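Only one chain is shown below, in structure tokens, and it's the form deposited in one PDB entry.
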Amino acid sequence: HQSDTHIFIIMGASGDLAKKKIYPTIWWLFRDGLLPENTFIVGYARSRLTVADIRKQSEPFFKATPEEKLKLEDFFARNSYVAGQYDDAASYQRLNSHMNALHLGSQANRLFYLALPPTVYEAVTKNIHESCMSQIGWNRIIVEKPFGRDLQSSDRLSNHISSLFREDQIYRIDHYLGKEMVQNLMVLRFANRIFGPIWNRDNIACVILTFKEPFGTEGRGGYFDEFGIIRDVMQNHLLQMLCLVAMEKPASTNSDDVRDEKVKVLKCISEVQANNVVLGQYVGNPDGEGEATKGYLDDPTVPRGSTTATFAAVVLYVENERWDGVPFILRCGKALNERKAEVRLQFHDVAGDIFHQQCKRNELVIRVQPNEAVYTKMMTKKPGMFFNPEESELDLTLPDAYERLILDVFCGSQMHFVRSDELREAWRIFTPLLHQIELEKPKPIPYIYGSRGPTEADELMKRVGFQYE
């Protein structure tokens, strides 16, 4: 994918999401030439702007340097902007004409990016499929989360998008996915007989899937209330972790095979009520800071009396022979004590204790971020004149995660993007939970800003059987 021209159409160029994360990401990719050499960027938005205005409002987040001002002005040499509405065939045809009025725009692999408001996904995708299809190269679409709110809405959206594009063209992206050691966990799991056969019900006691954040929801508090942590990260990213941990032997490790194993695991998950769900929400930190002094409900853009949770702890199980009866854990949140993303595989104790109850349950952490590291906290003898062992952390282990994911979109690798049927089954899993949520509006348990999360989650892992040192 380094020869044929590509177009990275950023719908919503004036959008805050674009200007804050997408344009700086493609700048990072373009200063180092990770995108293909003949890469075009064609923004699009309602507001009538220009390339100079884009420069003026986006340079500070690009944070370029006088050393590579030349590379910067080459980066804007590939840029362009188109003005139009989101539901009008006239402006859509104008966008198509502008795209075709480039270096083989029709031949260019139009890699659409939907950074536009969530309320229009249906209409924008319908217009894109009707008018903005190039019949030469692949036309992938990047749909940003979330993909509906409950089972019925998600099914309708998925069926519409399936009737428009095929799954080879739909790319459901997840920003938080590391893709660096979510990829290394696969190698560790498959290329070992040390971890291979003990990847079953008898040996691995449980799996803890954690994704914490150090910052709250300052400013953009009006986007999280309608959605909730479950639909934001818990149902997409934590299920991605759970599926890539619980998947059976793919036997060909391709994207389709791994997603099919994900579908098999998910189809092997029974219904989940509130009995395996815990919710939590944060409030003002008494030891305040520049942004910690105000809680979630202190954000003026958040509607008063909103029961949207920012912490979700759920336990899943897989009803197949390899994973029969063995538990899995999902934990996440925002504004927690410290940024982290780990997958702790706690193994069973060896049947028959001989070190006088000193045997600690062997672990295997995959700390996706920050300071990426994989380590097995196995236990070995301490040097000296003794015999007793000590639990020791044994380390076993570069574009950023988001630009790596965009590069994977360019390459065509759909390993880490949820499938239509995978999403359908995933929503089927939590349909009772989501219906209860939208019916009764459950009240999450308050927790302190920058804490470790509600104690009910740790109690949930304890009920599962997870052992905390």
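Throughout, we count residues from 1 along the sequence that is shown.
Although not depicted, the form solved in complex with a small molecule is the subject of the following passage.
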query	finding
4.5 Å heavy atom contact, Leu17 to the small molecule in the deposited bound form	yes
Touches the small molecule in the deposited bound form: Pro327 (any heavy atom, 4.5 Å)	no
Any non-hydrogen atom of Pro214 within 4.5 angstroms of the small molecule in the deposited bound form	no
Non-hydrogen atom contact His348 with the small molecule in the deposited bound form at 4.5 angstroms	no
One stretch from 100-108, 258-266, 282-290, 117-125 that, in the deposited bound form, holds residues within 4.5 Å of the small molecule by heavy atom	117-125
Contact assignment for the small molecule in the deposited bound form, among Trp138, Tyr223, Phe76, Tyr317, heavy atom within 4.5 Å	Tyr223
Proximity to the small molecule in the deposited bound form, single hit among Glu144, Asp202, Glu167, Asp299 (heavy atom within 4.5 Å)	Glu144
